[PDB]
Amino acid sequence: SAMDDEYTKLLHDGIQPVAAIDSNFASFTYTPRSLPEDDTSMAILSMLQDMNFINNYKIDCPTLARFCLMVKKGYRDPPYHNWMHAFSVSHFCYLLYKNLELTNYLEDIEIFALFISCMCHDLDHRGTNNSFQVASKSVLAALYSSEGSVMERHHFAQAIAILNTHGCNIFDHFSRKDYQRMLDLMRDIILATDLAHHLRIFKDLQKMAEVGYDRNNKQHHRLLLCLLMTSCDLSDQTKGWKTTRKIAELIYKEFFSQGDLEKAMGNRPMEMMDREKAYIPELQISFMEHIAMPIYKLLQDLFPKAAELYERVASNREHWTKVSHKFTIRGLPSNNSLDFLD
């Protein structure tokens, strides 16, 4: 068994220093997708240690090692919603911890829950959205469609299934109340990754940012966790052009595969899922304007040091505007043929 061998080294070789992973590993300029996938499990452990969670919560190391590999093994390999997504999302949570002084805003247990939620938040994704679940009458829809957020409820249930696997419950020494609290947090945070959820709380996120964050306000803590989670989920937009270009390729590959399956079921895909209709520059620009930029604008409003993140997202958006003309074929194709017209 490969996982047993991986586990054996992960446990007995010891948790490597974060600075050994990369000199700039804790910088907003670092691209965690640059890390070899074979090194990501060790890096998860390194981050957990560097944030003092292992020490503070007296996490059993054999259990944590098993847990981390189980979570990694719990992602499938669609083009975007795979383990490297969860890892880069978790890495961004670490960056926020290192760069934004979250301990002034959130409880220890809340920040811990956020990071664990980042690792788990897309568990067992099949490369299709919630609507496809319902449309295809999937098992996941049979379970959760009456509640909404079908995939996100599944992601959360998968995280719990991993905890309930023998030798994997990294929380099982917690007090009853802390155990209860952690799982409730993971619920709310993972459910916050449903865009329907974000749209529903957006006015509140705005009011919070307007009046000013009140660390004594429990609803403010919950809203902030949702915002932070969604900013981790979108963190590929905060790197350079190459990263936003690459992730566009990945997510549209994934989208168009869904659309192809929808067409085969005789249904009309959303335009952005339809490879015959989707115009990537416009769709990406729209996603940045309506989803990504307002989330980072909110983050900047709440955290002055998050300003560079918003500015990088806005810049990447402008770069999409600049390259859009390249999606129009001028002259002939690079094979000198108009055969594609037939």
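Counting begins at 1, following the sequence as shown. Here, rigid core means the biggest group of C-alpha atoms that superpose within 1.5 Å across both forms.
Item checked: Core-aligned Cα RMS comparison in 9 other deposited structures of this protein - stretch that moves more, 148 to 156 or 196 to 204 -> Relative to the shown form, the greater RMS C-alpha distance in 9 other deposited structures of this protein belongs to 148 to 156.
Item checked: Stretch farther from the shown model on average in 9 other deposited structures of this protein, with CA RMS computed after core superposition (105 to 113, 123 to 131) -> Between the two stretches, 123 to 131 moves farther in 9 other deposited structures of this protein.
Checklist line | Selected stretch [higher average CA B-factor]: 326 to 334 or 7 to 15 | finding: Of 7 to 15 and 326 to 334, the stretch with the higher C-alpha B-factor average is 326 to 334.
Notebook entry, point to check: Comparing 48 to 56 with 301 to 309, which has the greater mean CA B-factor as deposited?
Noted result: According to the entry, 301 to 309 carries the higher average C-alpha B-factor.
Next item on the list: Quick one: which of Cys168, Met265, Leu183, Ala161 shows the highest Cα temperature factor in the PDB entry?
Entry: Out of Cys168, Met265, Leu183, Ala161, the record gives the largest C-alpha B-factor to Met265.
Note to self: Highest Cα temperature factor in the entry, among the options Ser117, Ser149, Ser131, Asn216: which one is it?
What the structure shows: Across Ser117, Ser149, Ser131, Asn216, the entry lists the biggest C-alpha B-factor for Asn216.
Note to self: Quick check on the deposited entry: does the C-alpha B-factor of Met273 sit in the lowest, middle or highest third of its chain?
What the structure shows: As the PDB entry reports it, the C-alpha B-factor of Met273 lands in the lowest third of its chain.
Check: Comparing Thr29 with the other modelled residues of its chain, is its CA B-factor in the lowest, middle or highest third?
Finding: According to the entry, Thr29 has a C-alpha B-factor in the chain's highest third.
Item checked: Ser257 by Cα B-factor - lowest, middle or highest third of the modelled chain -> For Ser257, whose C-alpha B-factor we compare with every modelled residue in the chain, the answer is the middle third.
Check: Lowest, middle or highest third: where is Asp178 by Cα B-factor in its chain?
Finding: For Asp178, whose C-alpha B-factor we compare with every modelled residue in the chain, the answer is the highest third.
Note to self: Is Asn82 in the lowest, middle or highest third of its chain when residues are ranked by C-alpha B-factor?
What the structure shows: Lowest third - that is where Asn82 ends up once the chain's C-alpha B-factors are sorted.
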